[PDB]
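Asks: Give me coordinates for this.
(2 chains)
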Amino acid sequence: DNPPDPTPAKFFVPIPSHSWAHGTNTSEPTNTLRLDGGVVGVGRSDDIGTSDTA
Amino acid sequence: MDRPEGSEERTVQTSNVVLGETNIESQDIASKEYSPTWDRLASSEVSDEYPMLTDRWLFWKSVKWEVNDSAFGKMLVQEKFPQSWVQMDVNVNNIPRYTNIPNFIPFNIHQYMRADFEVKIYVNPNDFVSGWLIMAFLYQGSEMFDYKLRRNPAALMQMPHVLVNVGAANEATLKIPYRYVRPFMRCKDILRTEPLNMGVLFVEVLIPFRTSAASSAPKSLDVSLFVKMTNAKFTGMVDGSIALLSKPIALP
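Replies: Numbers count the residues shown, from 1 in each chain, chains lettered A, B, ... in the order given. This is the structure:
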């Protein structure tokens, strides 16, 4: 079977990039340079505290 | 003084050293204290601990500062640390050697180490002189692209420090948890980095030292420094002569 998919085509507004201003409380679509793909971060322990920037 | 002996002194004993202190200290910690965990990831050999040797306090220098030479921010001590304390014992050629001092005896036979330090500073003026000193420590300060703008005592007031008021004549204790770019430091010049260079310890002259105009008054005052290691772990047993020490480089 190859049924047709006639559902109307939605609008969409092209833009070159994401928000340049936003720093918090959001996600950021990006092309990461990892072998892995996924939400991944560098490991930590007590040897390395949390960020001290408060 | 109200008793036959002057008063009750207070005693701080570690290993076979005992340090008397008559006043309230001034303390600070260079960063948050923790228990090392990733250091086990670096070495498959058991880390050796020598608590009877290394926990012991050790007299390091005496630096003399005079009335005629106290600027604002004249540096009494500017040293790569622990490098200067551990390599303090030099032969005739100013080549250090880890063999004499019993705290430093395990630096001789190992390659890498890790440990926390506590530096304690002592000034014994009489009552009628007044001054003020700041002793601060900058983690790996010598490798910093502007290390020579941070020597002003206005910059030291920000990094972890203690203050020694000469009018009150207090003690001061600066705890320094081990922090570094790698889980261990090198003990000698190997694999051709300087050995045991974790930071820079400063002693500046926050308020210049002042005395009375009388002729017999002391125009000088001494500053003494004691250091001790805490969680010292050594790894990588080798021969004592397999690597060499060369005379240290000084800071500008």
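
Asks: Report the contact partners of the residue in chain A that chain B sits nearest to.
Replies: Of all residues in chain A, the one sitting closest to chain B is residue A:46 (4.2 Å; Cβ to the nearest Cβ). From N, CA and C alone the C-beta is placed, and that goes for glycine too. If you count contacts by Cβ atoms under 8 Å, 6 or more residues apart in numbering or on different chains, residue A:46 has them with B:34-37.

Asks: same thing but 7 Å
Replies: By Cβ atoms under 7 Å, 6 or more residues apart in numbering or on different chains, the contact set of residue A:46 is B:34-35, B:37.

Asks: where's the closest residue to residue B:178 other than its chain neighbours relative to residue B:192, distance?
Replies: The shortest distance from residue B:178 to any non-neighbouring residue, by Cβ to Cβ, 6 or more residues apart in numbering or on different chains, is to residue B:116 (5.0 Å). Taking Cβ to Cβ, to the nearest Å as the measure, residue B:116 falls 29 Å from residue B:192.

Asks: the more surrounded of those two?
Replies: Under the neighbour definition other Cβ atoms under 10 Å in any protein chain shown, residue B:116 and residue B:192 were set side by side, and residue B:116 has more, 19 against 4.

Asks: check contacts around that one.
Replies: B:176-178, B:229-231.

Asks: can you put these in CSV and add neighbour count?
Replies: CSV is the format used below for the contacts of residue B:116 (neighbours: other Cβ atoms under 10 Å in any protein chain shown):
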residue, neighbour count
B:176, 25
B:177, 18
B:178, 26
B:229, 26
B:230, 17
B:231, 18
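
Asks: May I have the residues that are in contact with the residue of chain B found nearest chain A?
Replies: Distance from chain A to each residue of chain B (Cβ to the nearest Cβ) is smallest for residue B:34, at 4.2 Å. When contacts are counted by Cβ under 7 Å, 6+ apart, residue B:34 touches A:46-47, B:177.

Asks: Among these, which lie within strands?
Replies: Among the contacts of residue B:34, none falls in strands (DSSP state E).

Asks: what's the closest of these to residue A:15?
Replies: Nearest to residue A:15 out of the contacts of residue B:34 is residue A:47 (Cβ to Cβ; 41.9 Å).

Asks: neighbours of that closest one, just the number please.
Replies: Residue A:47: 16 surrounding residues under other Cβ under 10 Å.

Asks: Name all residues that make contact with it.
Replies: B:34, B:36-38.

Asks: ends of stretch B:214-228, how far apart?
Replies: This stretch, stretch B:214-228, spans 39 Å end to end (Cα to Cα, to the nearest Å).
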